[PDB]
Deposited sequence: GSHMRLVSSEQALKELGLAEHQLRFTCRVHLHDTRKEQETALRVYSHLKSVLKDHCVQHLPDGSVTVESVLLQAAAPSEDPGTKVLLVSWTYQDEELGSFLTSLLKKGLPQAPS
């Protein structure tokens, strides 16, 4: 039996476990510039992965979503990084990566 069949055979619904991590980045550029720098960095580091820059300026790596929070302090950008448990390894990897900042 598969995992969804084994759920449906017991009448159960899937439980969504979701994480949103508030990543802080120092950047005095406009947040949109920051999001672009984040996109370029991740596209370079994760070359094997689907990495996108969406028309609203948000960034994704497979199904992990990275968005600007609402503008704060002018030199601190908050990047809300969100993923479900399906992408747990990728999600923790990305929040760990961004702890080291961005290319100069």
**Message:** Going by C-alpha coordinates, which parts of the deposited sequence are missing from this model?
**Reply:** 1-6, 79, 112-114
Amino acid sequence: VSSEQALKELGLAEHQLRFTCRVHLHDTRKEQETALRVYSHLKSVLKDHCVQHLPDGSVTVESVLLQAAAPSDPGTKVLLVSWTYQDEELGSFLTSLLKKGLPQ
From here on, numbers count along this sequence of modelled residues.
**Request:** May I ask you to compare 90-98 and 5-13 by their mean CA B factor in the entry and name the higher one?
**Result:** 5-13
**Prompt:** As stated in the PDB record, which stretch has the larger average Cα B-factor, 50-58 or 30-38?
**Reply:** 30-38
